[PDB]
Amino acid sequence: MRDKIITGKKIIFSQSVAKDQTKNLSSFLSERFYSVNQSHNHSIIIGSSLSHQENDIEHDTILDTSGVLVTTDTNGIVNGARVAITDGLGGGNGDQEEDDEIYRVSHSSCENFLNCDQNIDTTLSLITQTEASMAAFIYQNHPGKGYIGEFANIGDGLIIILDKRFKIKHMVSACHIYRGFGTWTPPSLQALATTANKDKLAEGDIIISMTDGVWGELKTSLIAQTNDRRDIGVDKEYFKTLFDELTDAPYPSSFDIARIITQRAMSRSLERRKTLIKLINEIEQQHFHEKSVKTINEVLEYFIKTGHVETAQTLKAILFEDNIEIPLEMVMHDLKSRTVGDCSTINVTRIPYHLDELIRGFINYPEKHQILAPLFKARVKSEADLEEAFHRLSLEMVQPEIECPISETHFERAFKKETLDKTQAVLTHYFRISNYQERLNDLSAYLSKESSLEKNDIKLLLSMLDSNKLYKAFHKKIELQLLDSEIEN
Ligand SMILES: [Mg+2]
């Protein structure tokens, strides 16, 4: 059914910062982002924080692409999935055919990785036999090893692996290649063909993948820096506190998680672009030419002496974002012509529970009841396992429209209440059940003393239980349980 989801080529009307300064975070997010939901345990938010300072981008192409393919075992039960997300390198310079060409490789790279069936190291080797960075991973369940997740990240992509309590466990950092004086560009998947130097998960774990427009807005952390390689990530203390509004709430949807992170990233993005226009307006108000001031260190002499000491530190923080003498006309014209932001995209993937997927397929495909019946004898160990499983399935929320605006995100339950309550009681009774003809009578005794509503699913149970001519005598006494069903009023 909904086992493969890929984002589409979006084009938005991006206003300027001078018009976005009079808007709150709700107005900025609803005009620039979309939501692509796959289930309660996977969702994607894609948009564009790209904007200009005094003009509007009427055809702002979103050059990012995220995808997901959920894989199943031999019996049709989910046992893994493959996720990939790409960031279009460059583009947005005004050439639309260039933007289409960059998105063409960005979308095809994500789609070709998903449609492959090999491991992550062989899949990449085949497809790398117009640039776009990429970040992908593949998790899958092994018999004695459980979930095994192989990762892969190239460029400005970032991966963060949490557990069920939003506690950080691993991070796959981004990269930058020094190609010149201040020319740090992230490596690309297409560079893998140009160079030979290419340089155990658990249930409920949260794998979050984000683009340069997402984690670049949060508090950063330069992990490593060589002579031409820069490993960068986010401050794990600041990224943890983003989950403080989700500590006690049980089982949140991957959309709600991705919504929290994106809201915080766009909150700092909207404030950083406001601080930049407040700084430029405050510099133009001084008219430094009347006092003949051009050196950046003499401008700091002016601001610190005048009383705008916090306007100076604001300017110093941007100088570090990008002493010696540098003129004013260079930095002002540079800041005026800068583009703020990037295409922002994020995908959150929760590792499922084995029992939750065994029950999910048991509900979706009921004809497989006797096939996967002995599997319940293995997973189910206590009625706390089933109650925990169905409690998680109760709070699951899906999105009817796969792709919809982020403000008009309508969700509803992924299971009907009567479908969950009855299926829980069936599996609960099957566990409470699981020596010749004597036990053949005792099975009819426990079923007789029981008085469960909609007990017609005994035939559904008997299939799981069946897996001289005394079988006939018991099923005869089971047609006596039909009298017990007739007694039910
Ligand atoms: Mg980007």
# chains A, B, ... in the order shown; residues from 1 in each chain; ligands from 1
$ residues_near_ligand --ligand "ligand 1" --cutoff "12 Å" --atoms "only C-alpha atoms and all ligand atoms" --output "tab-separated table (two decimals) with N, CA, C and O atoms, in the first residue's frame"
chain	number	residue	atom	x	y	z
A	46	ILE	N	9.23	19.40	4.06
A	46	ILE	CA	10.09	19.95	3.02
A	46	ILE	C	9.66	21.37	2.72
A	46	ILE	O	8.46	21.66	2.62
A	47	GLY	N	10.63	22.26	2.58
A	47	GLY	CA	10.33	23.64	2.27
A	47	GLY	C	11.55	24.39	1.79
A	47	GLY	O	12.52	23.78	1.33
A	48	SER	N	11.50	25.71	1.92
A	48	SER	CA	12.59	26.56	1.48
A	48	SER	C	12.66	27.80	2.36
A	48	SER	O	11.72	28.60	2.37
A	49	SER	N	13.76	27.95	3.09
A	49	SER	CA	14.04	29.16	3.84
A	49	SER	C	14.77	30.20	3.00
A	49	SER	O	15.15	31.25	3.53
A	50	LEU	N	14.98	29.93	1.72
A	50	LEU	CA	15.72	30.85	0.86
A	50	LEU	C	14.91	32.12	0.62
A	50	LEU	O	13.72	32.06	0.29
A	61	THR	N	12.65	27.42	-6.56
A	61	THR	CA	12.55	25.98	-6.70
A	61	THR	C	13.17	25.29	-5.49
A	61	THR	O	14.26	25.66	-5.04
A	62	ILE	N	12.46	24.29	-4.95
A	62	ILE	CA	12.96	23.50	-3.83
A	62	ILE	C	13.78	22.36	-4.41
A	62	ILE	O	13.24	21.41	-4.99
A	63	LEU	N	15.10	22.44	-4.25
A	63	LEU	CA	16.03	21.49	-4.84
A	63	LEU	C	16.38	20.33	-3.90
A	63	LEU	O	17.39	19.66	-4.11
A	64	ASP	N	15.57	20.10	-2.88
A	64	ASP	CA	15.78	18.99	-1.96
A	64	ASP	C	14.74	17.90	-2.20
A	64	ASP	O	13.61	18.18	-2.61
A	65	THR	N	15.14	16.66	-1.94
A	65	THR	CA	14.27	15.51	-2.19
A	65	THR	C	14.51	14.46	-1.12
A	65	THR	O	15.66	14.03	-0.91
A	85	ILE	N	17.68	11.16	1.53
A	85	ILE	CA	17.35	12.57	1.37
A	85	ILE	C	18.53	13.27	0.70
A	85	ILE	O	19.69	12.96	0.97
A	86	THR	N	18.23	14.22	-0.19
A	86	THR	CA	19.24	14.90	-0.98
A	86	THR	C	19.06	16.41	-0.90
A	86	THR	O	17.95	16.91	-0.70
A	87	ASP	N	20.17	17.12	-1.05
A	87	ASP	CA	20.19	18.58	-1.08
A	87	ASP	C	20.84	19.03	-2.38
A	87	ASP	O	21.99	18.67	-2.66
A	88	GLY	N	20.10	19.79	-3.18
A	88	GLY	CA	20.60	20.23	-4.47
A	88	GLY	C	21.72	21.25	-4.29
A	88	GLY	O	21.49	22.34	-3.74
A	89	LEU	N	22.92	20.91	-4.75
A	89	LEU	CA	24.07	21.79	-4.61
A	89	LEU	C	23.99	22.93	-5.62
A	89	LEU	O	23.75	22.69	-6.81
A	90	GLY	N	24.19	24.16	-5.15
A	90	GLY	CA	24.13	25.30	-6.04
A	90	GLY	C	22.71	25.65	-6.43
A	90	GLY	O	21.75	25.46	-5.67
A	91	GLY	N	22.56	26.17	-7.64
A	91	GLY	CA	21.26	26.54	-8.16
A	91	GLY	C	20.72	27.81	-7.52
A	91	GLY	O	21.33	28.42	-6.65
A	92	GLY	N	19.52	28.19	-7.97
A	92	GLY	CA	18.87	29.38	-7.46
A	92	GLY	C	19.49	30.69	-7.89
A	92	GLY	O	19.13	31.74	-7.35
A	102	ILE	N	19.48	20.44	-11.76
A	102	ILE	CA	19.99	20.05	-10.45
A	102	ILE	C	18.97	19.18	-9.73
A	102	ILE	O	19.32	18.16	-9.13
A	103	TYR	N	17.69	19.56	-9.78
A	103	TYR	CA	16.66	18.75	-9.15
A	103	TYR	C	16.52	17.40	-9.84
A	103	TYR	O	16.18	16.40	-9.19
A	106	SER	N	19.05	15.32	-8.28
A	106	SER	CA	18.73	15.17	-6.86
A	106	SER	C	17.58	14.19	-6.66
A	106	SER	O	17.62	13.34	-5.76
A	131	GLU	N	25.63	18.54	-9.44
A	131	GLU	CA	25.93	17.89	-8.17
A	131	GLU	C	24.74	17.94	-7.23
A	131	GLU	O	23.84	18.78	-7.36
A	132	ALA	N	24.75	17.03	-6.26
A	132	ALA	CA	23.72	16.97	-5.23
A	132	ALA	C	24.16	16.11	-4.05
A	132	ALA	O	24.39	14.90	-4.21
A	133	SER	N	24.27	16.71	-2.87
A	133	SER	CA	24.61	15.95	-1.68
A	133	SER	C	23.47	15.01	-1.30
A	133	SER	O	22.32	15.18	-1.72
A	134	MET	N	23.79	14.00	-0.49
A	134	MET	CA	22.84	12.95	-0.18
A	134	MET	C	23.16	12.34	1.18
A	134	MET	O	24.32	12.25	1.58
A	155	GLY	N	28.20	15.14	2.07
A	155	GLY	CA	27.90	16.54	1.91
A	155	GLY	C	27.33	17.22	3.14
A	155	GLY	O	27.75	16.92	4.26
A	156	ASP	N	26.39	18.14	2.94
A	156	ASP	CA	25.78	18.89	4.03
A	156	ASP	C	24.69	18.10	4.76
A	156	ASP	O	24.00	18.67	5.61
A	157	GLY	N	24.51	16.82	4.44
A	157	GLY	CA	23.51	16.03	5.13
A	157	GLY	C	23.93	15.69	6.55
A	157	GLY	O	25.12	15.62	6.88
A	158	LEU	N	22.93	15.48	7.41
A	158	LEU	CA	23.17	15.16	8.81
A	158	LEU	C	22.18	14.10	9.27
A	158	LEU	O	21.01	14.13	8.89
A	174	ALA	N	28.14	16.12	8.82
A	174	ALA	CA	28.28	16.64	7.47
A	174	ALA	C	29.74	16.94	7.16
A	174	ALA	O	30.61	16.90	8.03
A	185	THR	N	32.97	23.80	0.30
A	185	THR	CA	31.83	23.23	-0.39
A	185	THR	C	31.66	21.77	0.00
A	185	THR	O	32.64	21.02	0.04
A	186	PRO	N	30.43	21.34	0.28
A	186	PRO	CA	30.20	19.96	0.70
A	186	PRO	C	30.44	18.99	-0.45
A	186	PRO	O	30.10	19.29	-1.60
A	210	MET	N	18.29	15.47	8.27
A	210	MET	CA	17.97	16.86	7.99
A	210	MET	C	18.97	17.43	6.99
A	210	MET	O	20.05	16.88	6.77
A	211	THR	N	18.58	18.55	6.38
A	211	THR	CA	19.39	19.22	5.38
A	211	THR	C	20.06	20.46	5.96
A	211	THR	O	19.81	20.85	7.10
A	212	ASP	N	20.91	21.08	5.15
A	212	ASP	CA	21.66	22.26	5.58
A	212	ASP	C	20.74	23.38	6.05
A	212	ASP	O	21.11	24.16	6.93
A	213	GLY	N	19.54	23.47	5.48
A	213	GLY	CA	18.59	24.48	5.90
A	213	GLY	C	17.90	24.20	7.22
A	213	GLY	O	17.18	25.07	7.72
A	214	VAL	N	18.10	23.01	7.79
A	214	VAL	CA	17.47	22.64	9.05
A	214	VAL	C	18.49	22.75	10.18
A	214	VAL	O	18.41	23.65	11.02
A	215	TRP	N	19.46	21.82	10.21
A	215	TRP	CA	20.43	21.81	11.29
A	215	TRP	C	21.39	22.99	11.23
A	215	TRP	O	21.97	23.36	12.26
A	216	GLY	N	21.56	23.60	10.05
A	216	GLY	CA	22.37	24.80	9.96
A	216	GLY	C	21.77	25.99	10.69
A	216	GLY	O	22.50	26.94	11.00
A	217	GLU	N	20.47	25.95	10.98
A	217	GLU	CA	19.82	27.02	11.72
A	217	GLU	C	19.94	26.83	13.23
A	217	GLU	O	19.80	27.81	13.97
A	340	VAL	N	19.60	34.62	2.19
A	340	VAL	CA	19.46	34.03	3.52
A	340	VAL	C	18.70	32.72	3.41
A	340	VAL	O	17.61	32.67	2.83
A	341	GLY	N	19.28	31.65	3.95
A	341	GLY	CA	18.61	30.37	4.03
A	341	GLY	C	19.08	29.37	2.99
A	341	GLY	O	20.09	29.54	2.30
A	342	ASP	N	18.29	28.31	2.88
A	342	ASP	CA	18.53	27.18	2.00
A	342	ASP	C	17.24	26.37	1.96
A	342	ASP	O	16.34	26.57	2.78
A	343	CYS	N	17.16	25.45	1.00
A	343	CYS	CA	16.05	24.51	0.98
A	343	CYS	C	16.12	23.63	2.22
A	343	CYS	O	17.13	22.96	2.46
A	344	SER	N	15.05	23.64	3.01
A	344	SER	CA	15.01	22.94	4.29
A	344	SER	C	14.12	21.72	4.18
A	344	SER	O	12.96	21.83	3.77
A	345	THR	N	14.66	20.56	4.56
A	345	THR	CA	13.92	19.31	4.50
A	345	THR	C	14.38	18.41	5.64
A	345	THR	O	15.57	18.39	5.97
A	346	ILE	N	13.44	17.67	6.23
A	346	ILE	CA	13.73	16.79	7.35
A	346	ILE	C	12.83	15.57	7.26
A	346	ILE	O	11.69	15.65	6.79
$ residues_around --residues "residue 218 (chain A)" --least-positions-apart "6" --cutoff "10 Å" --atoms "only C-alpha atoms" --output "PyMOL selection string"
chain A and resi 233-235+238-239+261-262+264-269
$ closest_residue --among "A:26, A:140, A:108, A:292" --to "residue 328 (chain A)" --atoms "only C-alpha atoms"
A:292
$ closest_atom_pairs --of "region 326-422 of chain A" --to "region 79-84 of chain A" --cutoff "9 Å" --atoms "only C-alpha atoms" --output "tab-separated table"
residue	atom	partner	partner_atom	distance
A:347	CA	A:83	CA	8.6
A:349	CA	A:83	CA	8.4
A:351	CA	A:80	CA	8.3
A:352	CA	A:79	CA	8.4
A:354	CA	A:79	CA	7.8
A:357	CA	A:79	CA	8.0
$ closest_residue --among "A:208, A:138, A:427, A:465" --to "residue 169 (chain A)" --atoms "only C-alpha atoms"
A:208
$ residues_around --residues "region 395-412 of chain A" --least-positions-apart "2" --cutoff "9 Å" --atoms "only C-alpha atoms" --output "MDAnalysis selection string"
chainID A and resid 5 7:8 26 29:41 45 250:253 259 390:393 414:415
$ write_last_selection --atoms "N, CA, C and O atoms" --output "short mmCIF file (atom, residue, chain, number, x, y, z; two decimals), in the first residue's frame"
data_model
loop_
_atom_site.label_atom_id
_atom_site.label_comp_id
_atom_site.auth_asym_id
_atom_site.auth_seq_id
_atom_site.Cartn_x
_atom_site.Cartn_y
_atom_site.Cartn_z
N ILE A 5 7.30 6.51 -0.64
CA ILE A 5 6.91 7.91 -0.66
C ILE A 5 8.12 8.76 -1.03
O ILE A 5 9.19 8.63 -0.42
N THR A 7 9.18 12.92 -2.21
CA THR A 7 8.72 14.30 -2.30
C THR A 7 8.74 14.79 -3.74
O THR A 7 9.52 14.32 -4.57
N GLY A 8 7.87 15.75 -4.04
CA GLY A 8 7.73 16.28 -5.37
C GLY A 8 8.40 17.63 -5.56
O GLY A 8 8.74 18.32 -4.60
N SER A 26 4.37 31.50 12.51
CA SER A 26 3.27 30.77 11.90
C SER A 26 3.04 31.20 10.46
O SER A 26 2.79 30.36 9.58
N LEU A 29 6.07 29.84 8.26
CA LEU A 29 6.10 28.40 8.02
C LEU A 29 4.99 27.96 7.07
O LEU A 29 5.19 27.07 6.24
N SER A 30 3.81 28.58 7.19
CA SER A 30 2.69 28.17 6.35
C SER A 30 2.89 28.57 4.89
O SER A 30 2.32 27.94 3.99
N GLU A 31 3.70 29.60 4.64
CA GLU A 31 3.92 30.08 3.28
C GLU A 31 5.10 29.41 2.59
O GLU A 31 5.27 29.59 1.38
N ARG A 32 5.91 28.64 3.32
CA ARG A 32 7.18 28.16 2.79
C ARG A 32 7.43 26.67 2.96
O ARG A 32 8.48 26.19 2.53
N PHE A 33 6.51 25.92 3.57
CA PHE A 33 6.79 24.53 3.89
C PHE A 33 5.57 23.66 3.59
O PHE A 33 4.43 24.13 3.54
N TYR A 34 5.85 22.37 3.38
CA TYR A 34 4.83 21.35 3.18
C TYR A 34 5.14 20.16 4.08
O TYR A 34 6.25 20.01 4.59
N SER A 35 4.13 19.31 4.26
CA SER A 35 4.26 18.10 5.07
C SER A 35 3.94 16.88 4.21
O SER A 35 2.93 16.87 3.49
N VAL A 36 4.79 15.87 4.30
CA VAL A 36 4.62 14.61 3.57
C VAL A 36 4.70 13.49 4.60
O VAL A 36 5.79 13.15 5.07
N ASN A 37 3.56 12.92 4.95
CA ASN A 37 3.48 11.92 6.01
C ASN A 37 3.30 10.52 5.42
O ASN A 37 2.53 10.33 4.47
N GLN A 38 4.02 9.56 5.99
CA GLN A 38 3.93 8.16 5.58
C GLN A 38 3.17 7.30 6.58
O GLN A 38 2.38 6.44 6.18
N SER A 39 3.39 7.52 7.87
CA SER A 39 2.68 6.83 8.93
C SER A 39 2.94 7.58 10.23
O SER A 39 3.49 8.68 10.22
N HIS A 40 2.55 6.97 11.35
CA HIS A 40 2.86 7.54 12.65
C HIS A 40 4.35 7.46 12.97
O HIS A 40 4.84 8.24 13.80
N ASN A 41 5.08 6.55 12.32
CA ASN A 41 6.49 6.35 12.59
C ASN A 41 7.38 6.85 11.45
O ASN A 41 8.57 6.51 11.41
N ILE A 45 9.02 16.74 6.22
CA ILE A 45 8.68 18.15 6.07
C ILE A 45 9.71 18.77 5.14
O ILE A 45 10.91 18.69 5.39
N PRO A 250 3.43 10.14 25.62
CA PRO A 250 3.84 8.84 25.07
C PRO A 250 3.58 8.69 23.58
O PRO A 250 2.50 9.03 23.09
N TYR A 251 4.59 8.19 22.86
CA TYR A 251 4.50 7.83 21.45
C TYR A 251 4.02 8.99 20.58
O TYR A 251 2.88 8.98 20.11
N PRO A 252 4.86 9.99 20.33
CA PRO A 252 4.48 11.05 19.40
C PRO A 252 4.77 10.65 17.96
O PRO A 252 5.67 9.85 17.67
N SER A 253 3.97 11.20 17.05
CA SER A 253 4.16 10.90 15.63
C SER A 253 5.44 11.54 15.11
O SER A 253 5.90 12.57 15.62
N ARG A 259 8.02 18.43 13.25
CA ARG A 259 7.44 19.76 13.37
C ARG A 259 8.16 20.57 14.44
O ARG A 259 8.40 21.77 14.26
N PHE A 390 -0.81 -2.76 21.63
CA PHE A 390 -2.06 -2.13 21.21
C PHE A 390 -2.21 -0.72 21.76
O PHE A 390 -2.94 0.09 21.17
N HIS A 391 -1.55 -0.39 22.88
CA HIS A 391 -1.56 0.99 23.35
C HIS A 391 -0.79 1.89 22.39
O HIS A 391 -1.17 3.05 22.18
N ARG A 392 0.28 1.37 21.79
CA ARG A 392 1.02 2.15 20.80
C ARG A 392 0.21 2.29 19.51
O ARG A 392 0.17 3.37 18.91
N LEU A 393 -0.44 1.21 19.07
CA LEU A 393 -1.28 1.25 17.88
C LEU A 393 -2.51 2.13 18.08
O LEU A 393 -3.11 2.55 17.09
N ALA A 414 -4.88 5.58 12.81
CA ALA A 414 -4.46 4.56 11.86
C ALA A 414 -5.17 3.23 12.07
O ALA A 414 -4.92 2.29 11.30
N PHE A 415 -6.03 3.12 13.08
CA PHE A 415 -6.79 1.91 13.34
C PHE A 415 -8.13 2.30 13.93
O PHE A 415 -8.22 3.25 14.71
#
$ select_by_dssp --residues "region 58-184 of chain A" --states "strand (DSSP E or B)" --output "ChimeraX atom specification"
/A:58-61,64-72,78-88,132-142,146-154,158-162,168-172,174,177-178,184
$ residues_around --residues "residue 375 (chain A)" --least-positions-apart "5" --cutoff "12 Å" --atoms "only C-alpha atoms" --output "VMD selection string"
chain A and resid 75 77 354 to 355 357 to 359 362 368 to 370 380 to 381 427 430 to 431 464 467
$ residues_around --residues "residue 452 (chain A)" --least-positions-apart "6" --cutoff "10 Å" --atoms "only C-alpha atoms" --output "PDB file with N, CA, C and O atoms, in the first residue's frame"
ATOM      1  N   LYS A 422     -11.108  -5.656  19.574  1.00  0.00           N
ATOM      2  CA  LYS A 422     -11.436  -7.056  19.329  1.00  0.00           C
ATOM      3  C   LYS A 422     -10.193  -7.870  18.994  1.00  0.00           C
ATOM      4  O   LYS A 422     -10.039  -8.999  19.473  1.00  0.00           O
ATOM      5  N   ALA A 425      -8.350  -8.638  22.176  1.00  0.00           N
ATOM      6  CA  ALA A 425      -8.965  -9.691  22.976  1.00  0.00           C
ATOM      7  C   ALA A 425      -8.739 -11.065  22.361  1.00  0.00           C
ATOM      8  O   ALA A 425      -8.622 -12.059  23.086  1.00  0.00           O
ATOM      9  N   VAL A 426      -8.677 -11.142  21.031  1.00  0.00           N
ATOM     10  CA  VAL A 426      -8.423 -12.418  20.369  1.00  0.00           C
ATOM     11  C   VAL A 426      -7.009 -12.900  20.671  1.00  0.00           C
ATOM     12  O   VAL A 426      -6.799 -14.052  21.070  1.00  0.00           O
ATOM     13  N   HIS A 429      -6.727 -13.839  24.368  1.00  0.00           N
ATOM     14  CA  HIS A 429      -7.281 -15.158  24.650  1.00  0.00           C
ATOM     15  C   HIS A 429      -6.412 -16.264  24.066  1.00  0.00           C
ATOM     16  O   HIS A 429      -6.309 -17.345  24.656  1.00  0.00           O
ATOM     17  N   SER A 485     -23.020 -19.613  22.100  1.00  0.00           N
ATOM     18  CA  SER A 485     -23.164 -18.344  21.395  1.00  0.00           C
ATOM     19  C   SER A 485     -24.627 -17.944  21.266  1.00  0.00           C
ATOM     20  O   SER A 485     -24.947 -16.750  21.291  1.00  0.00           O
ATOM     21  N   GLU A 488     -25.817 -16.294  24.424  1.00  0.00           N
ATOM     22  CA  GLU A 488     -25.393 -14.908  24.573  1.00  0.00           C
ATOM     23  C   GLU A 488     -26.488 -13.959  24.103  1.00  0.00           C
ATOM     24  O   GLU A 488     -26.921 -14.017  22.948  1.00  0.00           O
TER      25      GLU A 488
END
$ select_by_dssp --residues "region 127-244 of chain A" --states "helix (DSSP H, G or I)" --output "list in words"
residues 127, 189, 190, 191, 192, 212, 213, 214, 215, 236, 237, 238, 239, 240, 241 and 244 of chain A
$ atom_distance --atom1 "CA of residue 246 (chain A)" --atom2 "CA of residue 162 (chain A)"
13.6 Å
$ residues_around --residues "region 194-203 of chain A" --least-positions-apart "5" --cutoff "10 Å" --atoms "only C-alpha atoms" --output "number ranges by chain"
A: 128-129, 139-142, 145-150, 154, 161-164, 175, 187, 189, 229, 350-354
$ write_last_selection --atoms "N, CA, C and O atoms" --output "JSON list (two decimals), in the first residue's frame"
[["chain", "number", "residue", "atom", "x", "y", "z"],
["A", 128, "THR", "N", 26.90, 5.09, -8.64],
["A", 128, "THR", "CA", 28.00, 6.00, -8.93],
["A", 128, "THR", "C", 29.01, 5.39, -9.89],
["A", 128, "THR", "O", 30.16, 5.86, -9.97],
["A", 129, "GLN", "N", 28.61, 4.37, -10.64],
["A", 129, "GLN", "CA", 29.48, 3.63, -11.56],
["A", 129, "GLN", "C", 30.32, 4.55, -12.46],
["A", 129, "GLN", "O", 29.78, 5.28, -13.28],
["A", 139, "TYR", "N", 17.86, 0.19, 7.52],
["A", 139, "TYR", "CA", 17.73, -0.68, 8.68],
["A", 139, "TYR", "C", 16.93, -1.92, 8.30],
["A", 139, "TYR", "O", 16.02, -1.86, 7.47],
["A", 140, "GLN", "N", 17.29, -3.05, 8.91],
["A", 140, "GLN", "CA", 16.68, -4.33, 8.59],
["A", 140, "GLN", "C", 16.90, -5.27, 9.76],
["A", 140, "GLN", "O", 17.90, -5.17, 10.48],
["A", 141, "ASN", "N", 15.96, -6.20, 9.95],
["A", 141, "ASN", "CA", 15.97, -7.11, 11.08],
["A", 141, "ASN", "C", 16.60, -8.44, 10.68],
["A", 141, "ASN", "O", 16.21, -9.05, 9.68],
["A", 142, "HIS", "N", 17.57, -8.89, 11.48],
["A", 142, "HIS", "CA", 18.29, -10.14, 11.37],
["A", 142, "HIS", "C", 17.81, -11.12, 12.44],
["A", 142, "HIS", "O", 17.32, -10.70, 13.49],
["A", 145, "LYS", "N", 20.50, -11.10, 15.46],
["A", 145, "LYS", "CA", 21.14, -9.81, 15.68],
["A", 145, "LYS", "C", 20.15, -8.66, 15.80],
["A", 145, "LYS", "O", 20.55, -7.57, 16.23],
["A", 146, "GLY", "N", 18.89, -8.86, 15.43],
["A", 146, "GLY", "CA", 17.92, -7.78, 15.53],
["A", 146, "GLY", "C", 18.07, -6.77, 14.40],
["A", 146, "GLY", "O", 18.51, -7.09, 13.30],
["A", 147, "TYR", "N", 17.69, -5.53, 14.70],
["A", 147, "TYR", "CA", 17.79, -4.45, 13.73],
["A", 147, "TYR", "C", 19.24, -4.11, 13.46],
["A", 147, "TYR", "O", 20.01, -3.82, 14.39],
["A", 148, "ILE", "N", 19.63, -4.12, 12.18],
["A", 148, "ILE", "CA", 20.96, -3.72, 11.74],
["A", 148, "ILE", "C", 20.80, -2.55, 10.79],
["A", 148, "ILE", "O", 20.12, -2.67, 9.76],
["A", 149, "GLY", "N", 21.41, -1.42, 11.13],
["A", 149, "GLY", "CA", 21.27, -0.22, 10.33],
["A", 149, "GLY", "C", 22.57, 0.32, 9.79],
["A", 149, "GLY", "O", 23.39, 0.86, 10.53],
["A", 150, "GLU", "N", 22.77, 0.19, 8.48],
["A", 150, "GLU", "CA", 23.94, 0.75, 7.82],
["A", 150, "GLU", "C", 23.63, 2.14, 7.30],
["A", 150, "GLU", "O", 22.57, 2.38, 6.71],
["A", 154, "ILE", "N", 26.91, 12.05, 2.63],
["A", 154, "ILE", "CA", 27.84, 12.75, 1.75],
["A", 154, "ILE", "C", 27.37, 14.20, 1.63],
["A", 154, "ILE", "O", 26.26, 14.45, 1.15],
["A", 161, "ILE", "N", 20.66, 9.82, 15.54],
["A", 161, "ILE", "CA", 20.02, 8.57, 15.95],
["A", 161, "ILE", "C", 19.73, 8.67, 17.45],
["A", 161, "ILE", "O", 20.66, 8.72, 18.27],
["A", 162, "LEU", "N", 18.45, 8.68, 17.80],
["A", 162, "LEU", "CA", 18.02, 8.72, 19.19],
["A", 162, "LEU", "C", 17.49, 7.35, 19.61],
["A", 162, "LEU", "O", 17.51, 6.38, 18.85],
["A", 163, "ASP", "N", 17.01, 7.27, 20.85],
["A", 163, "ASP", "CA", 16.31, 6.08, 21.32],
["A", 163, "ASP", "C", 14.87, 6.44, 21.64],
["A", 163, "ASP", "O", 14.37, 7.48, 21.21],
["A", 164, "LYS", "N", 14.18, 5.58, 22.41],
["A", 164, "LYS", "CA", 12.77, 5.82, 22.71],
["A", 164, "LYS", "C", 12.57, 7.00, 23.65],
["A", 164, "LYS", "O", 11.46, 7.54, 23.72],
["A", 175, "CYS", "N", 30.01, 17.27, 5.90],
["A", 175, "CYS", "CA", 31.37, 17.50, 5.44],
["A", 175, "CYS", "C", 31.44, 18.76, 4.58],
["A", 175, "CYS", "O", 30.47, 19.15, 3.93],
["A", 187, "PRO", "N", 31.02, 17.83, -0.16],
["A", 187, "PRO", "CA", 31.22, 16.82, -1.22],
["A", 187, "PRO", "C", 29.89, 16.30, -1.74],
["A", 187, "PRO", "O", 28.86, 16.35, -1.07],
["A", 189, "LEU", "N", 27.63, 13.26, -4.20],
["A", 189, "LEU", "CA", 27.57, 11.87, -4.63],
["A", 189, "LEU", "C", 28.23, 11.68, -5.98],
["A", 189, "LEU", "O", 28.84, 10.63, -6.24],
["A", 229, "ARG", "N", 39.00, 19.23, 5.07],
["A", 229, "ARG", "CA", 37.80, 18.52, 5.48],
["A", 229, "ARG", "C", 37.27, 19.12, 6.77],
["A", 229, "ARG", "O", 38.04, 19.36, 7.71],
["A", 350, "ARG", "N", 10.96, 6.30, 13.00],
["A", 350, "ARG", "CA", 10.98, 5.53, 14.24],
["A", 350, "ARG", "C", 11.12, 4.05, 13.92],
["A", 350, "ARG", "O", 10.39, 3.52, 13.07],
["A", 351, "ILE", "N", 12.05, 3.38, 14.59],
["A", 351, "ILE", "CA", 12.20, 1.93, 14.41],
["A", 351, "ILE", "C", 11.01, 1.22, 15.05],
["A", 351, "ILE", "O", 10.72, 1.45, 16.23],
["A", 352, "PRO", "N", 10.30, 0.37, 14.32],
["A", 352, "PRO", "CA", 9.08, -0.24, 14.85],
["A", 352, "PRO", "C", 9.39, -1.35, 15.84],
["A", 352, "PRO", "O", 10.52, -1.82, 15.98],
["A", 353, "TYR", "N", 8.34, -1.77, 16.55],
["A", 353, "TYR", "CA", 8.40, -2.91, 17.44],
["A", 353, "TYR", "C", 7.99, -4.17, 16.68],
["A", 353, "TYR", "O", 7.09, -4.13, 15.84],
["A", 354, "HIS", "N", 8.67, -5.28, 16.98],
["A", 354, "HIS", "CA", 8.39, -6.53, 16.27],
["A", 354, "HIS", "C", 6.95, -6.97, 16.47],
["A", 354, "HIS", "O", 6.28, -7.37, 15.52]]
$ atom_distance --atom1 "CA of residue 167 (chain A)" --atom2 "CA of residue 241 (chain A)"
10.4 Å
$ closest_residue --among "A:71, A:125, A:53, A:366" --to "residue 192 (chain A)" --atoms "only C-alpha atoms"
A:125
